[PDB]
Q: 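I have a structure I would like to understand better, so I am pasting it below and will then ask my questions one at a time.
Convention: sequence-line order gives letters A, B, ...; per-chain numbering from 1. Order of listing sets the numbers, starting from 1, for every ligand and every atom in it. Just so it is clear, the values below take in all heavy atoms, side chains as well, and ignore hydrogens, waters and symmetry mates.
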Protein chains: 2
Amino acid sequence: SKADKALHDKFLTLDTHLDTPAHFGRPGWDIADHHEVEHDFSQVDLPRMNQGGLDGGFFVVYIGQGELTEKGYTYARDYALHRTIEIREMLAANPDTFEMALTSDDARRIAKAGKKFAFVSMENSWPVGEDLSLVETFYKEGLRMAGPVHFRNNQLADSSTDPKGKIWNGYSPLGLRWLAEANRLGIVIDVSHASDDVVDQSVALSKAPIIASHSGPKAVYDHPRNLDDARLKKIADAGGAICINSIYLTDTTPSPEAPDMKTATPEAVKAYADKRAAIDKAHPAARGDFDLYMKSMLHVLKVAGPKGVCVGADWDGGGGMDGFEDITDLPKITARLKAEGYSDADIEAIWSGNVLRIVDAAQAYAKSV
Amino acid sequence: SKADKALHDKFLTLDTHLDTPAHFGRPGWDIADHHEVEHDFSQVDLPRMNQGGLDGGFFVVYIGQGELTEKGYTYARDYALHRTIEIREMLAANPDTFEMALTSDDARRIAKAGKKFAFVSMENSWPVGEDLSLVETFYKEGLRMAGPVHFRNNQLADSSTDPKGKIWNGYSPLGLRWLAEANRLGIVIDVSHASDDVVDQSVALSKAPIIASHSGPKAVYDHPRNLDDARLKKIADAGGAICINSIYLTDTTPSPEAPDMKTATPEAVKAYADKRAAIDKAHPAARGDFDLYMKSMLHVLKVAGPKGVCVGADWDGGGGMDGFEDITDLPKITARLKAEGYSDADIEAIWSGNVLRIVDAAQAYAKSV
Ligand SMILES: [Cl-]
Ligand SMILES: [Cl-]
Ligand SMILES: [Zn+2]
Ligand SMILES: [Zn+2]
Ligand SMILES: [Zn+2]
Ligand SMILES: [Zn+2]
């Protein structure tokens, strides 16, 4: 709807968890090209950012949880460094359309120049190993938001989803030092994936507001990956925010009825995409729809307020629902917010204001020391 | 001379020590632009690579020797990682004219496609600190040639020029392990800057041929930075080679008669360049000339043979002589070699064949284990 795009276009938009960097190392993949989620599996690229009115976001440096050993740590360090480098290479290859942002002023300046701004975030800090000086290493290369853990516990903190249960009851002693270093450098702490203990300790100990880069409310869907109302409010009352995820909102159990993207031939990739597409069409996956996404956002808005909510759909990280396939559908969020009675001020806060405020606060504290 | 360029153009050329990366971080500096050594201080860029017929080379990740402390090592690690990243950014910004090479096949393939090939080398391995796993970290980002030390001794080995003398009498115990790791990964060991003890131990212990990325013969000029005939032959007899340097060939003592390039204003840089130029014109520095460069090359050729000699002039690292100001003068080397009676086969070996053979051997050993 051109009417929706017009309204949407008036706001500075950003998503706090673009997993798109996972595609950067794919042979011949170019963010400048237009892709189809059905054929490429990607949900983000420049053409679609323009079509969906997405002005920028936090490009994720993500790594799955591996061994808590010296070999695991060295592997993780190198892997994350390389993923960070891939992001910097994308930016170096697209200077006229993209630019790295380190501060909120950078974001606004880049936006005014007509370019997409790219902040850098980390999902799973397993890569720092036992050497916290690596946090600054990543900071020097652009890191401005980081979560200590992913799906399983690591040397820094407990995950909300580890099948083996808790081991630290929040942050490990090393993790507490990690939190202190993130605060000192001015990196926004991301609790998405972390256990409730980590959330509680983060709010209690962090010198700056924290964030949940991609989470939801247990009130809408009871899953460890979501937060109860009390914690949503706690994060918000401390100046933080929760960015709305598009998954963990419904039972995805499938009805009774992949190649290495970094080395597979373009034909091979097309092959699986085609088979997959047919399967998804014959027996659609249970993902919920756009109304469900707004149901989640609206509930968090009620509990955390318009200043404690943001957008983090998990694009390229498994996100997506019926009527919310990729970023081209983002304008629908702005439409529903208006239709729900939210002012432009609140919509602006939700699309970027709240996140940029959190970034400012984190970096303000860092400067103060 | 178009006649010289025609001959020169027939060979695949590469220099083993392009310090050019030191300019990559300079504000607005672009390798695609044409520069004048007199105004920009640079001796390498795409236009001049084309004019001089330089097909590629090893782009250096260099760092001066600092403190042998935890603080020094973390600083060195981060610095070298950033310099490596700057090189990768240059490559990402110039995909149609440049491409990173990891193997000799890459070099030839890239050359055939009409692009300049860029290998990555390290000068001073101080950045690995006490953590040898970092060697692989750099390897994963492109490192294929590395020297353990620079002007002063470090935690890995003795330098040939440290004013305080020797401390390890070659490699330290950590340095021996470093040599073993370089061999295991398939990184070519570079002894330029290392003490004679390091040279002797490298030939005796290395599982693969080694190289002197930019050195000369003591026979022509007696300086610690050059090698005696016995060591030249030793390196060659082990399958290695010595790449001819353009400095340390004459007494540079000046007759009786600079801003931060990364932060100075284009005008300020021009200012110094102009003053400097006038000074260099009024009272030329003692640098020798092109004949002296060939005198060095010819002597090493006599001792090491046509299979143990290569080119490493120290461009952007202090190299240059009268009649050999920058890479536009490279064709003169090919002319003199012919004029001296060397076949095309030998000239080809000297310009790239020998180096690529050494790279192949290093990587062949790595694969074998
Ligand atoms: Cl997730
Ligand atoms: Cl030198
Ligand atoms: Zn993710
Ligand atoms: Zn996630
Ligand atoms: Zn150098
Ligand atoms: Zn040097």
Q: For the Zn ion (ligand 3), which N, O or S atom of A:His17 is at the shortest distance?
A: NE2

Q: Mark yes or no for whether A:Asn154, through its side chain, and A:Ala157, through its backbone, hold a donor-acceptor pair below 3.5 Å.
A: yes

Q: Should the pair B:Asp40-B:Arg26 be classified as a salt bridge under the 4.0 Å nitrogen-to-oxygen rule?
A: yes

Q: Just wondering, is there an N, O or S atom on A:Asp314 that's nearer than 2.8 Å to the Zn ion (ligand 3)?
A: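 No N, O or S atom of A:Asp314 is closer than 2.8 Å to the Zn ion (ligand 3), so no.
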
Q: Tell me whether the Zn ion (ligand 3) has A:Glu123 as a neighbour, meaning an N, O or S atom of it below 2.8 Å.
A: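 Looking at A:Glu123, which is the residue asked about, there is an N, O or S atom under 2.8 Å from the Zn ion (ligand 3).
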
Q: Going by an N to O cut-off under 4.0 Å, is there a salt bridge joining B:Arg287 and B:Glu325?
A: yes

Q: Does the pair B:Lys218/B:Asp229 count as a salt bridge with the N-to-O cut at 4.0 Å?
A: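 Answer for the salt bridge query: no.
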
